[PDB]
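So the number in the entry's author numbering is just where the residue sits in the sequence shown, counting from 1, plus 4.
A short write-up of the structure that comes next.
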Amino acid sequence: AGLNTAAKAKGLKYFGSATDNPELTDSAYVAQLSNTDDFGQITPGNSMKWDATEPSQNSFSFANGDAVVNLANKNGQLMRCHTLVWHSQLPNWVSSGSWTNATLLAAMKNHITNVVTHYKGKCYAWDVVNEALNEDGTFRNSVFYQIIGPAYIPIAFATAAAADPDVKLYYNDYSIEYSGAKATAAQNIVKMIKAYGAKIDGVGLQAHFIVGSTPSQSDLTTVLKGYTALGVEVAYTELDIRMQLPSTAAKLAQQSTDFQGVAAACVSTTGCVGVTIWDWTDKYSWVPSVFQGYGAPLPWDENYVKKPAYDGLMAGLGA
Ligand SMILES: *[C@@H]1O[C@H](CO)[C@@H](O[C@@H]2O[C@H](CO)[C@@H](O[C@@H]3O[C@H](CO[C@H]4O[C@H](CO)[C@@H](O)[C@H](O)[C@@H]4O)[C@@H](O)[C@H](O[C@H]4O[C@H](CO[C@H]5O[C@H](CO)[C@@H](O)[C@H](O)[C@@H]5O)[C@@H](O)[C@H](O)[C@@H]4O[C@H]4O[C@H](CO)[C@@H](O)[C@H](O)[C@@H]4O)[C@@H]3O)[C@H](O)[C@H]2NC(C)=O)[C@H](O)[C@H]1NC(C)=O
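Rendered as structure tokens:
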């Protein structure tokens with residue numbers, strides 16, 4: 005019994021967790037990350053991003069990404085590979101370049117081909133393009149969008165497909181999990197990629213939610229079905245539910261209800277293949293350093309002890 009065994013019993017492919025290389029030297033941490041009752045899938049939190057894999061142009065660095073793949077491979081866990089094209093965690097040579105459409109397109113395609121070719125056969129899915137939308141659903145004015153225009157999105161997908169025809173190609177974003185301008189625009193990215201004749205298999209819903217402000221199970225399910233109706237699969241890719249500190253029994257209970265609704269929405273949607281939490285212990289959560297006054301976002305606490313959210317997840321997975 006555990007999150008992943010429970011998820012597979014309801015026809016999900018996995019329940020999984022992100023991690024990061026610095027944490028792999030923590031033996032108690034790695035023992036629980038390697039617990040396949042709870043985790044059947046791993047995402048590298050940083051070591052397959054552009055700054056990590058191509059720190060100088062045409063100079064590729066795969067050791068840290070390969071370390072996470074090797075752990076998943078030893079444990080029998082699926083990989084989600086993350087992420088090819090993103091405005092954040094670009095190396096200096098991308099962000100500082102004097103580019104034409106032609107020279108940035110060649111550099112983007114070369115990044116994708118090299119990284120996807122290296123990981124061919126290793127990934128369940130790639131987050132091909134990450135966070136291409138503004139909160140109003142217009143295109144984020146990244147260097148890719150400014151220099152190439154909207155075509156950079158389907159071109160990224162087509163370039164990934166050519167290098168690895170089998171991996172599921174996902175568009176990944178946050179604040180697309182509930183009805184609004186951004187979710188509508190994420191549907192429209194699915195439609196645009198297919199209009200270009202390029203392949204998109206999945207929508208990745210980050211699910212960085214807030215305790216007591218989490219969308220209802222019903223609102224989440226409506227949005228999941230809105231994507232699956234377009235002939236793609238879906239997954240919750242980076243689930244965490246950040247609480248206004250300090251922690252209280254009431255906030256931990258609300259967090260449990262919030263997590264339970266996310267898992268239950270996925271279980272209720274044919275085509276929702278799985279849930280990945282953005283790491284699993286509060287000790288290593290990205291949240292407190294980014295969201296002032298927020299924290300304690302995960303189903304285990306900073307001592308690797310289960311919080312009520314672990315039970316809420318198990319209930320939402322119908323265990
Ligand atoms: C850098 O270099 C690259 C590589 O050379 C350049 O790539 C080109 O980029 C073009 C877009 O900038 C892209 O055009 C698109 O092609 C796809 C696929 O079209 C083919 O297949 C379809 C379907 O079978 C067929 O109908 C076509 O005839 C083609 O055979 C189209 O889906 C796209 O269509 C959308 O956009 C056009 C153009 O929209 C702009 O201009 C209009 C009118 O002036 C304006 O109203 C609009 O707001 C835009 O400013 C529309 O006319 C279409 O109706 C489509 O619009 C829908 O979809 C958009 C999203 O894609 C929505 O934003 C829009 O509201 C609406 O819902 C489009 O024609 C080329 O395929 C691509 N070429 C290659 C070789 O990859 C790149 O431009 C260049 N960048 C720069 C900055 O120079």
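Note that the Cβ used here is the ideal one computed from N, Cα and C, for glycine as well.
Residue i Cβ short of 7 Å to ligand 1 heavy atom set
| i | result |
| --- | --- |
| residue 154 | yes |
| residue 196 | yes |
| residue 204 | no |
| residue 340 | Look at the range of the chain in this structure, 5 to 323, and you will see that residue 340 is not part of it. |
| residue 159 | yes |
| residue 137 | no |
| residue 145 | no |
| residue 105 | yes |
| residue 109 | yes |
First through last residue of the beta strand (DSSP E) which encompasses residue i
| i | result |
| --- | --- |
| residue 45 | 45–48 |
| residue 81 | Unbroken run through residue 81: none, as it is neither H nor E. |
| residue 212 | 212–214 |
| residue 131 | 129–134 |
| residue 18 | 18–23 |
| residue 241 | 237–248 |
| residue 281 | 276–281 |
Separation of residue j from residue i, as counted between CA atoms
| i | j | result |
| --- | --- | --- |
| residue 93 | residue 69 | 15 Å |
| residue 49 | residue 23 | 5 Å |
| residue 138 | residue 38 | 36 Å |
| residue 217 | residue 116 | 37 Å |
| residue 183 | residue 32 | 40 Å |
| residue 259 | residue 268 | 14 Å |
| residue 199 | residue 248 | 43 Å |
| residue 261 | residue 272 | 16 Å |
| residue 86 | residue 254 | 35 Å |
| residue 8 | residue 15 | 11 Å |
| residue 276 | residue 151 | 34 Å |
| residue 252 | residue 158 | 46 Å |
| residue 310 | residue 266 | 18 Å |
| residue 219 | residue 179 | 10 Å |
| residue 77 | residue 46 | 10 Å |
| residue 201 | residue 175 | 15 Å |
| residue 263 | residue 123 | 32 Å |
| residue 312 | residue 26 | 27 Å |
| residue 222 | residue 181 | 11 Å |
| residue 144 | residue 189 | 11 Å |
| residue 91 | residue 241 | 18 Å |
| residue 270 | residue 44 | 16 Å |
| residue 299 | residue 315 | 19 Å |
| residue 56 | residue 229 | 35 Å |
| residue 214 | residue 244 | 8 Å |
| residue 161 | residue 149 | 15 Å |
| residue 172 | residue 128 | 6 Å |
| residue 320 | residue 21 | 17 Å |
| residue 126 | residue 54 | 18 Å |
N-terminal and C-terminal residue of the alpha helix (DSSP H) that residue i is part of
| i | result |
| --- | --- |
| residue 172 | Here residue 172 belongs to no alpha helix (DSSP H); instead the beta strand (DSSP E) covers 172–177. |
| residue 33 | 31–37 |
| residue 256 | 253–271 |
| residue 109 | 105–122 |
| residue 223 | 221–232 |
| residue 316 | 312–320 |
| residue 209 | No alpha helix (DSSP H) contains residue 209, which is instead part of the beta strand (DSSP E) from 206–209. |
| residue 182 | Residue 182 -> no alpha helix (DSSP H), and no H or E assigned at all. |
| residue 13 | 7–13 |
| residue 97 | 96–99 |
| residue 55 | 54–57 |
Whole-number beta carbon distance between residue j and residue i, since they are thought to touch under 8 Å
| i | j | result |
| --- | --- | --- |
| residue 103 | residue 61 | So it is not a contact: roughly 12 Å between Cβ atoms. |
| residue 167 | residue 132 | Not quite, the Cβ-Cβ distance comes to about 11 Å (not below 8 Å), so this is no contact. |
| residue 84 | residue 226 | The pair is not a contact, with the Cβ atoms about 24 Å apart (cut-off 8 Å). |
| residue 135 | residue 95 | In fact, because the Cβ distance is near 17 Å, the residues do not count as touching under 8 Å. |
| residue 5 | residue 323 | 6 Å |
| residue 283 | residue 236 | In fact, because the Cβ distance is near 26 Å, the residues do not count as touching under 8 Å. |
| residue 51 | residue 72 | 6 Å |
| residue 130 | residue 88 | 6 Å |
Would the region 278–288 count as touching the region 303–314 if we require 3 or more Cβ pairs under 8 Å? yes
Validate contact between the region 290–299 and the region 39–47 using beta carbons, cut 8 Å, 3 pairs: no
For the region 158–172 and the region 207–217, state whether three or more C-beta atom pairs, one from each stretch, are separated by less than 8 Å. no
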